[PDB]
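Structure first, then comments.
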Amino acid sequence: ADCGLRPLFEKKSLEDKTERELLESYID
Amino acid sequence: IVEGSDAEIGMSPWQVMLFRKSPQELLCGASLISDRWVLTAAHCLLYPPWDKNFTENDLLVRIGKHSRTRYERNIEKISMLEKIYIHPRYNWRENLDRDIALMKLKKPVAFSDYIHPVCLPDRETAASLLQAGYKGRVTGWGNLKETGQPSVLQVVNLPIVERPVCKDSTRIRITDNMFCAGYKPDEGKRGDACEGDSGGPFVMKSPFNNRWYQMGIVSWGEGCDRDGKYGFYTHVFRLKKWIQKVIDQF
Amino acid sequence: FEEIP
Ligand SMILES: COc1ccc(CN2C(=O)[C@H]3[C@@H]([C@H]2C(C)C)[C@@H]2CCCN2[C@H]3c2ccc(C(=N)N)cc2)cc1
Ligand SMILES: [Ca+2]
Ligand code: NA
């Protein structure tokens with residue numbers, strides 16, 4: 001149920017340094 | 001990883017190092033998909049043209065790692081293999097079709113800040129995310145250049161490439177069980193997986209539910225980070241019926 | 001590689 005949610009990032013609502021680059025490419 | 005950067009602590013907590021016991025060396029990447037199952041490329045375990053045929057006792061799984069070479073006391077976990085399962089239609093004779101394998105661990109690994117499983121996509125995830133131009137992420141402790149070795153885990157983000165462009169870049173026959181990713185010569189940016197990285201995950205972050213999904217496995221390439229060439233990846237969703245069958249049975 | 005215990 002908890003897959004893909006990182007203890008040091010998503011779990012504590014912090015973002016890593018380059019994840020925004022991925023989001024910006026998802027243009028549909 | 002060529003032309004990537006140092007990973008952040010806990011950035012890829014599903015990252016697995018496959019480690020040869022004798023001699024001690026990095027064999028391949030892999031990923032944690034549950035407390036007991038690890039996903040990798042079949043070529044990491046079986047490739048008869050090079051006399052590669054690993055047994056369960058030949059290797060160890062190291063999980064929660066950041067440093068390549070250090071024994072990361074109180075942080076990493078070392079696990080033994082109970083059983084290896086290679087896709088029965090893995091095509092090492094022709095074009096490396098269905099390049100996928102599972103490893104069941106002797107004992108379940110405890111999750112931590114540094115150790116946590118990635119999701120596997122369903123049909124909807126695959127349809128939403130597997131689009132040309134959409135970027136995913138590759139991680140590993142492999143070579144920094146085609147022709148040394150990193151101190152810590154490396155990361156690079158790379159776009160999925162149009163299937164015709166993938167097809168036109170190689171003389172190899174591409175199948176629906178493969179996709180390719182990387183920048184084009186005209187794009188200015190660079191990056192690729194290399195020796196030591198194969199078997200490792202290609203992941204994407206769903207913008208609908210904010211979870212990471214493993215869409216690909218580092219499968220094969222021609223050199224590393226060459227202009228006009230692309231890395232090729234096992235299509236995880238297309239092989240998910242096999243994954244499920246193995247986990248359900250064993 | 002550093003030795004494993
Ligand atoms: C489609 O048919 C083939 C294509 C290429 C190869 C050569 N091979 C590879 O490309 C991967 C594999 C080897 C073999 C063992 C798979 C070895 C083992 C260590 C690293 N190397 C793999 C490899 C994987 C990805 C890249 C890349 N993205 N540049 C480069 C190499 C062999 C068959
Ligand atoms: Ca061709
Ligand atoms: Na390239």
Side-chain angles (χ1 to χ4, degrees), chain B residues 1-4 16-20 25-31 39-54 58-59 68 84 86-87 89-101 132 135-150 154-203 215-236:
Chain B
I1 306 284
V2 183
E3 291 279 333
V16 175
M17 175 183 296
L18 304 186
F19 184 73
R20 187 184 199 158
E25 56 188 39
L26 168 69
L27 284 183
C28 263
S31 63
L39 184 66
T40 190
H43 78 259
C44 287
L45 303 163
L46 178 71
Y47 195 66
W50 297 357
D51 296 292
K52 179 192 286 189
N53 190 10
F54 291 116
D58 290 338
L59 57 137
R68 182 177 60 90
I84 289 158
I86 300 159
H87 195 292
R89 304 186 69 195
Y90 166 47
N91 195 357
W92 55 266
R93 290 180 178 275
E94 182 191 9
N95 61 352
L96 222 62
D97 195 23
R98 306 186 193 86
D99 186 15
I100 190 161
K135 288 167 181 185
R137 178 179 283 174
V138 181
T139 44
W141 289 280
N143 282 9
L144 298 171
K145 288 190 177 175
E146 181 179 329
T147 306
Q149 308 197 293
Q154 298 297 106
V155 57
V156 69
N157 301 327
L158 300 171
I160 299 159
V161 179
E162 294 84 355
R163 300 195 68 84
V165 182
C166 296
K167 191 181 178 295
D168 286 344
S169 74
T170 184
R171 303 170 66 162
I172 299 293
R173 181 180 74 83
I174 306 318
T175 74
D176 290 353
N177 301 318
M178 307 171 191
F179 68 89
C180 91
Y183 295 100
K184 303 168 183 176
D186 285 352
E187 287 179 311
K189 300 178 184 196
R190 313 194 63 86
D192 196 4
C194 206
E195 186 172 333
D197 297 317
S198 68
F202 177 101
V203 301
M215 310 304 293
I217 303 165
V218 181
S219 184
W220 67 273
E222 298 172 288
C224 313
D225 198 46
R226 294 194 195 159
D227 280 354
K229 302 292 176 150
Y230 303 91
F232 282 79
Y233 296 81
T234 311
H235 198 300
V236 170

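In what follows, chains carry the letters A, B, and so on, assigned in the order in which the sequence lines appear, proteins first and then strands, with residues in each chain numbered from 1. In each ligand, atom 1 is the first atom listed, and ligand 1 is the first ligand listed.
Ligand 1 is never approached by B:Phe232 to a heavy-atom distance shorter than 4.0 Å. Under a 4.0 angstrom heavy-atom cut-off, B:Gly182 registers as lying outside contact with ligand 1.
Between B:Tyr233 and B:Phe179, the ring planes lie parallel to each other; the angle is under 30°, not in the 30° to 60° tilted range.
Nearest-heavy-atom check against atom 16 (C) of ligand 1 across B:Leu26, B:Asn143, B:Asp97, B:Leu96 picks out B:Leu96. Closest heavy-atom approach to atom 14 (C) of ligand 1 among the candidates B:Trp50, B:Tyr230, B:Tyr233, B:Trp92: B:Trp50.
The proximity of B:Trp220 to ligand 1, defined as any non-hydrogen pair under 4.0 Å, involves the side chain as well as the backbone.
The pair B:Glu222-B:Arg171 fails the salt-bridge criterion, with no side-chain N (NZ, NE, NH1 or NH2) lying under 4.0 Å from an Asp/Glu carboxylate O.
Against a heavy-atom cut-off of under 4.0 Å, B:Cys224 is close to the following atoms of ligand 1: 29 (N). In summary, the atoms of ligand 1 found under 4.0 Å from a heavy atom of B:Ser219, numbered by their order in the structure, are 11 (C), 24 (C).
Counting only distances under 3.0 Å, and ignoring water, the protein N, O or S atoms around the Na ion (ligand 3) are B:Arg226 O, B:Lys229 O.
Counting only protein N, O or S atoms, 2 lie closer than 3.0 Å to the Ca ion (ligand 2).
Atoms CD1 and CD1, from B:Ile100 and B:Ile86 in turn, are 12.0 Å apart once rounded to the nearest 0.5 Å.
Crowding of B:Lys52 atom NZ: a count of heavy atoms from other residues, nucleotides or ligands under 6.0 Å exceeding 12. Remark: B:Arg173 CZ is packed, more than 12 non-hydrogen atoms of other residues, nucleotides or ligands lying under 6.0 Å away.
Counting protein heavy atoms under 4.0 angstrom from atom 20 (C) of ligand 1 gives one or more.
In this structure, the side chain of B:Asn177 does not engage the main chain of B:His235 through any donor-acceptor pair within 3.5 Å.
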